[PDB]
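From first to last, the protein sequence lines stand for chains D and S. Each residue of the first sequence is one higher than the one before, counting from 17 in the numbering used here. Each residue of the second sequence is one higher than the one before, counting from 526 in the numbering used here. Idealized CB from N, CA, C, for every residue including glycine. Quick notes on the structure that follows.
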Amino acid sequence: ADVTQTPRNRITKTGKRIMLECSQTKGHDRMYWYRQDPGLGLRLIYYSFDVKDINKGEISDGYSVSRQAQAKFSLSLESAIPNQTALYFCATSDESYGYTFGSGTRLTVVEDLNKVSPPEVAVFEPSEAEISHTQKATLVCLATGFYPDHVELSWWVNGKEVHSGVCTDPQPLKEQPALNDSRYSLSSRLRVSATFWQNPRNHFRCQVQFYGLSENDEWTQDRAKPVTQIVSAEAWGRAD
Amino acid sequence: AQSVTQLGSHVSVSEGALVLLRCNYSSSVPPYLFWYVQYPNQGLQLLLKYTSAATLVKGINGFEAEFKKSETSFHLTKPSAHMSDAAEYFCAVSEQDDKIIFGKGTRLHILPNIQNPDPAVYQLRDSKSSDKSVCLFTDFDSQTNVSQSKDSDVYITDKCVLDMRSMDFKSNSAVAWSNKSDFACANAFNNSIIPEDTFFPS
């Protein structure tokens with residue numbers, strides 16, 4: 017109970033067997049695998065009370081499990097399909113409902129890896145009119161053209177991550193909503209004082225961590241192989 | 526047989542007002558009950574639980590919940606809503622002597638108290654070479670909400686609240702953009718009901 021899960025992030029094509037591994041150190045009899053989906057909470061897949069004991073939860077179809085050791089509980093997607101895209105949590109419990117959750121596995125299942133694509137990222141500089149009207153300055157970051165929807169956006173000011181003054185949309189939008197494999201876009205705002213924007217020594221960077229293909233994955237297109245990578249855009253402060 | 530019900534996927538509270546998140550259960554025998562929070566980007570954290578001891582259960586950060594058998598309820602409350610309370614909250618219950626089952630979750634949205642609104646639509650330019658721009662609708666109060674675009678080539682985000690700690694200042698905004706030649710920030714938000722005094726610079 018340092019409960020640990022691997023992997024943390026994974027993208028897979030449909031029709032592949034995928035394994036997620038849960039390990040604990042306290043040796044509790046009881047271990048669980050749940051999936052979390054928006055609007056549905058955490059739904060139980062399978063659970064185990066000992067190496068000889070496996071029990072179905074509400075959504076066991078399409079999954080299997082094995083309890084390899086007191087310490088280990090493995091979850092398999094037997095033949096991955098897109099509706100198995102989810103955040104997966106393992107948990108342990110003591111005999112009095114004391115639960116410990118792992119930190120989660122974000123898994124995305126896509127039909128076709130050829131559609132994977134890293135974002136283009138652009139920073140848009142504050143409006144002079146905002147500056148004059150409010151003595152504040154809002155930068156906008158726009159990440160566009162990415163697939164799948166499996167990114168993390170952050171802002172970096174003079175080389176250090178910032179959380180203050182930031183708002184990032186909670187979900188990307190579909191650029192072509194009628195399409196099952198539409199690419200996505202995401203915006204974020206960083207607002208600072210006008211005087212801080214007006215200092216030409218200050219450096220502002222929007223960073224997008226993209227999760228995509230691995231070194232293992234085949235790539236047959238002329239375009240860049242869309243590997244897991246960071247894409248950033250930047251702006252310097254400006255007196256004029 | 527046994528379930529747990531949370532009322533509303535998304536709920537609002539005014540900054541400073543009483544927080545109330547409702548949970549009801551269907552077990553005949555009283556169960557153990559749990560409230561978990563999931564702050565943006567993170568896993569689950571236990572706030573409090575009812576484990577057949579006290580019926581008024583106190584938790585971390587001023588949270589409390591009262592177990593009421595006669596109304597099969599365990600509502601979570603906090604006396605004052607703070608911007609940091611924005612998160613998703615899950616009620617859960619013991620089941621079958623062997624597991625915890627979770628409710629569907631409720632996301633709490635905190636409406637900032639905007640005492641001096643200054644609604645405006647600004648045009649921002651790409652820091653790189655560009656006839657590329659976006660439009661920023663900002664500084665409106667709680668009574669404004671943003672509608673989706675009616676043009677499939679104009680993208681509009683939900684409103685988002687930012688908390689500038691440097692100036693102890695919160696503000697709402699939405700972003701709009703398009704690749705179209707005839708896209709102007711004066712028209713970007715025409716499908717939204719915007720304040721009559723919205724500022725449209727030059």
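**Study point:** Interface flag, S/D664 vs chain D, CB-CB below 9 angstroms
**Key:** As a first step, residue 664 of chain S must be located in the second sequence, where it is residue number 139. Answer yes: the Cβ-Cβ gap between S/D664 and chain D drops below 9 angstroms somewhere.
- prompt: Where does D/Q100 fall in DSSP's three states?
  reply: Counting from one through the first sequence, the residue named residue 100 of chain D turns up at place 84. D/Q100 falls in the helix class under three-state DSSP.
### Task
Tell me, please, which residues DSSP counts as bridged to S/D610.
The residue you call residue 610 of chain S lines up with position 85 of the second sequence. Beta-bridge pairing links S/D610 to no other residue.
For this session: For D/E146, I'd like the list of residues in its chain whose CB is within less than 7 angstroms of its CB, leaving aside the five on either flank, ordered along the chain.
Result: Residue 146 of chain D sits at position 130 when you count from the first residue of the first sequence. Excluding positions up to five away in sequence, the list reads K152, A153 and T154.
So residue 747 of chain S and S/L545 are in contact, right, with Cβ under 8 angstroms, and what is the actual spacing, rounded?
No answer is possible for residue 747 of chain S: it lies beyond the span of chain S, which begins at 526 and ends at 727.
For this session: Can you tell me which of D/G73, D/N99, D/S133 and D/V67 puts its alpha carbon nearest to the alpha carbon of D/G43?
Result: As a first step, residue 43 of chain D must be located in the first sequence, where it is residue number 27. Selected option, being the one with the closest Cα: D/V67.
Margin query: Quick check on S/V700 - is its C-beta less than 9 angstroms from some C-beta in chain D?
Written below: Reading the second sequence from its first residue, position 175 is the one you call residue 700 of chain S. Yes, contact with chain D.
* To do: Anything in the region 166–179 of chain D with a Cβ closer than 9 angstroms to a Cβ of chain C? List those residues in chain order, please.
  => Protein chains D and S are contained in the structure displayed, whereas chain C is not.
### Query
Between D/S133 and chain S, is there a C-beta pair that is closer than 9 angstroms?
Counting from 1 along the first sequence, the entry for residue 133 of chain D is found at position 117. So, not an interface residue.
Compare the beta carbon distance of S/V618 and S/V529 with 9 angstroms and say whether it is the shorter of the two.
Residue 618 of chain S sits at position 93 when you count from the first residue of the second sequence. Residue 529 of chain S sits at position 4 when you count from the first residue of the second sequence. Yes. Within cutoff.
| query | Counting only beta-carbon atoms, is D/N71 nearer than 9 angstroms to chain S? | reply | Taking the first residue of the first sequence as position 1, residue 71 of chain D is located at position 55. Yes, because at least one Cβ of chain S sits closer than 9 angstroms to the Cβ of D/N71.
message: Which of the three DSSP states is assigned to D/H149 in this structure?
response: Residue mapping note: residue 149 of chain D aligns to position 133 of the first sequence, counting from 1. Three-state result, D/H149: helix.
For a quick check, are the C-beta atoms of D/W252 and D/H219 less than 9 angstroms apart? Here the question's residue 252 of chain D lines up with position 236 in the first sequence. Here the question's residue 219 of chain D lines up with position 203 in the first sequence. Yes, Cβ-Cβ distance for D/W252 and D/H219 is below 9 angstroms.
Quiz item: If you drop the 5 nearest sequence neighbours on each side, which residues of the same chain put their C-beta closer than 6 angstroms to that of S/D666?
Solution: By one-based count along the second sequence, residue 666 of chain S stands at place 141. Excluding positions up to five away in sequence, the list reads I639 and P642.
Exercise for review: Keeping to the same chain, check which residues put their C-beta closer than 6 angstroms to that of D/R83; ignore five residues upstream and five downstream.
Suggested key: The residue labelled residue 83 of chain D in the question sits at position 67 within the first sequence. Excluding sequence neighbours, D/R83 sits near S64, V67 and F89.
S/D656: contacting residues in chain D (beta-carbon distance under 7 angstroms): On the second sequence, residue 656 of chain S is found 131 positions in, with the first residue counted as 1. Residues of chain D passing the Cβ test: none, with the nearest at roughly 13 angstroms.
Problem - Of the listed residues D/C38, D/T236 and D/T30, nearest to D/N99 (C-alpha basis) - result: What you label residue 99 of chain D is simply residue 83 of the first sequence in a count that begins at 1. The candidate whose alpha carbon is nearest that of D/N99 is D/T30.
| query | Is the beta carbon of S/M608 less than 9 angstroms from the beta carbon of S/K684? | reply | Position 83 of the second sequence holds residue 608 of chain S. Position 159 of the second sequence holds residue 684 of chain S. Not closer than 9 angstroms, so no.
Under the DSSP definition of a beta bridge, which residues are partnered with S/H634?
In the second sequence, the residue the question calls residue 634 of chain S occupies position 109. BP columns for S/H634 point to S/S537.
Problem - Opening and closing residue of the beta strand (DSSP E) in which D/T116 lies - result: To locate residue 116 of chain D, count along the first sequence from 1; it is residue 100. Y115 to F117 is the extent of the beta strand (DSSP E) around D/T116.
Establish whether the CB of S/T669 and some CB of chain D are separated by less than 9 angstroms. Translated into positions along the second sequence, residue 669 of chain S becomes position 144. Chain D contact via Cβ: absent.
Mind listing the chain D neighbours of S/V686? Cutoff is C-beta to C-beta under 7 angstroms, in chain order.
-> Along the second sequence, one-based indexing puts residue 686 of chain S at 161. The answer, in chain order, is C183.
- Message: In the DSSP output, which residue or residues are listed as bridge partners for S/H600?
- Response: As a position in the second sequence, residue 600 of chain S is number 75, starting the count at 1. Looking at the DSSP assignment, S/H600 forms a beta bridge with S/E591.
- Task: Determine which residues share a DSSP beta bridge with S/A617 and list them.
- Result: Counted from its first residue, the second sequence places residue 617 of chain S at position 92. Its beta-bridge partners are S/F559 and S/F627.
>> Excluding the 5 residues flanking S/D722 on each side, which residues of the same chain have their C-beta closer than 8 angstroms to its C-beta?
In response: Within the second sequence, residue 722 of chain S is the residue found at index 197, counting from 1. Closer than 8 angstroms at Cβ, skipping near neighbours: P644.
Practice task
Alpha carbon to alpha carbon, how far is S/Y647 from D/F212? Give it in angstroms, no decimals.
Solution key: Walking along the first sequence from the start, residue 212 of chain D turns up at place 196. Walking along the second sequence from the start, residue 647 of chain S turns up at place 122. Near 19 angstroms, if we compare the C-alpha coordinates of S/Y647 and D/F212.
Item checked: S/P726: contacting residues in chain D (beta-carbon distance under 7 angstroms) -> The sequence position of residue 726 of chain S within the second sequence is 201, counting from 1. What S/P726 touches in chain D: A145.
Beta-carbon gap between D/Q187 and D/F105 smaller than 9 angstroms: Along the first sequence, read from residue 1 onward, the residue named residue 187 of chain D stands at position 171. Along the first sequence, read from residue 1 onward, the residue named residue 105 of chain D stands at position 89. Result no, Cβ atoms of D/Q187 and D/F105 do not sit closer than 9 angstroms.
Point to revise | Neighbouring residues, chain S, relative to residue 259 of chain D (Cβ below 7 angstroms) | key: A question about residue 259 of chain D goes unanswered here, because the residues of chain D that appear run from 17 up to 256.
Exercise for review: Closer than 6 angstroms by C-beta to S/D678: which residues in its own chain qualify, once you throw out the five before and the five after it? Chain order, please.
Suggested key: Counting from 1 along the second sequence, the entry for residue 678 of chain S is found at position 153. Contacts found: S703 and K705.
Distance check for S/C660 and D/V139, CA to CA, integer angstroms please. Indexing the first sequence from 1 puts residue 139 of chain D at position 123. Indexing the second sequence from 1 puts residue 660 of chain S at position 135. Cα-Cα distance, rounded: 13 angstroms.
| message | I want to see whether chain D comes within less than 9 angstroms of S/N638, judged by CB atoms only; does it? | response | For the purposes of this step, residue 638 of chain S is taken as the residue at position 113 of the second sequence. It does not; no Cβ of chain D falls within 9 angstroms.
Please classify D/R205 as buried or exposed, where buried requires at least 16 neighbouring CB atoms within 10 angstroms.
Translated into positions along the first sequence, residue 205 of chain D becomes position 189. Classification of D/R205: buried, given that the 10 Å Cβ count is 16 or more.
**Q.** Candidates S/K624, S/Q567, S/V700 and S/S551: closest to S/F599 by CA position
**A.** The residue you call residue 599 of chain S lines up with position 74 of the second sequence. The residue with the shortest Cα to Cα distance from S/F599 is S/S551.
inquiry  = Please identify the residue among D/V173, D/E136, D/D53 and D/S180 whose C-alpha is closest to the C-alpha of residue 260 of chain D.
reply    = Given a span of 17 to 256 for chain D in the structure shown, any question on residue 260 of chain D remains unanswerable.
* To do: Note down, in chain order, each residue of its chain lying with its Cβ closer than 6 angstroms to the Cβ of S/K657, except the 5 sequence neighbours on either side.
  => Here residue 657 of chain S refers to the residue found at position 132 when the second sequence is read from its first residue. For S/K657, where only same-chain residues beyond five positions count, the Cβ hits under 6 angstroms are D651.
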